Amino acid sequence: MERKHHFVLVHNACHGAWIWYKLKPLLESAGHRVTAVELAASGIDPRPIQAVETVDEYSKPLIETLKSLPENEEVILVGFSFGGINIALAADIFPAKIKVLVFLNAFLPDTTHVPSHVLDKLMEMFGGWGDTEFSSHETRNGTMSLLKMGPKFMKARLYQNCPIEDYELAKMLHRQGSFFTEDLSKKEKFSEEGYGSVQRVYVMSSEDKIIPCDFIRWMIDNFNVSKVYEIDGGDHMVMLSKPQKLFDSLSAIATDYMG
């Protein structure tokens, strides 16, 4: 038969590995292996976000997973939202362990501006945070900006096409997090030899109210991808609102990287 892949799934800020609970079994039933990474201070990780002061600390469970893969094994690496930044850091360290990067309703950084550039661009134009709570934590690495989503903001901007059950689950599991924008703006730019040499594709939702089309076309313009895929009717949490259609996009990506 056709050969399968190992997908490594990377969640977004304020969430954890649990968001993949629908997608993981569809991928395994089709014969693939799946590793749902849990980032620092996310999900049931024992650290509060105040103890994770840098984006390198945040990403470390991703680096470790790639480090421990046996030699010559390559993965399909999927990053969701802020997970786009994580997957790019990983790519600049272990480029040869990644078959293709999958930017899913994700931030897509480039190899020319500071790594915060696409975050900073969006933050300027963003619109309405609603009942979200902002705060600060002072560290030996400077001031960290934290946020915790409000439930009305979740309902209107992230979960608007999701079953009520998934909305209620997200309320019981989401945590205070950070986009690490200060730390990212001080970081060495992503390299051309690393991150820049890896294959990459972009999967977008049509009804994402966080990352508008508008903005995606701009990120892709600054930094091209091989291919773009579209999930009709998906909200931002597309693995919860349309998991079957996300499965179909990921199979088709798998089939293009058989070689």
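Each residue number is its position in the shown sequence, starting from 1.
The deposited model assigns a higher average Cα B-factor to 125-133 than to the other stretch when 167-175 and 125-133 are compared. The stretch with the higher mean CA B factor, choosing between 105-113 and 76-84, is 105-113. Taking the PDB entry at face value, the top CA B factor among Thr35, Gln50, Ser59, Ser191 belongs to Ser191. When the modelled residues of the chain are ordered by their C-alpha B factor, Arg140 lands in the highest third. Per the PDB record, residue ranking by Cα B-factor puts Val8 in the lowest third of the chain. Per the deposited record, the Cα B-factor of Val55 falls in the lowest third when ranked against the other modelled residues of its chain. The entry lists a Cα temperature factor for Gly43 that places it in the lowest third of the chain's modelled residues.
Among the modelled residues of the chain, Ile93 sits in the middle third by CA temperature factor in this PDB entry.
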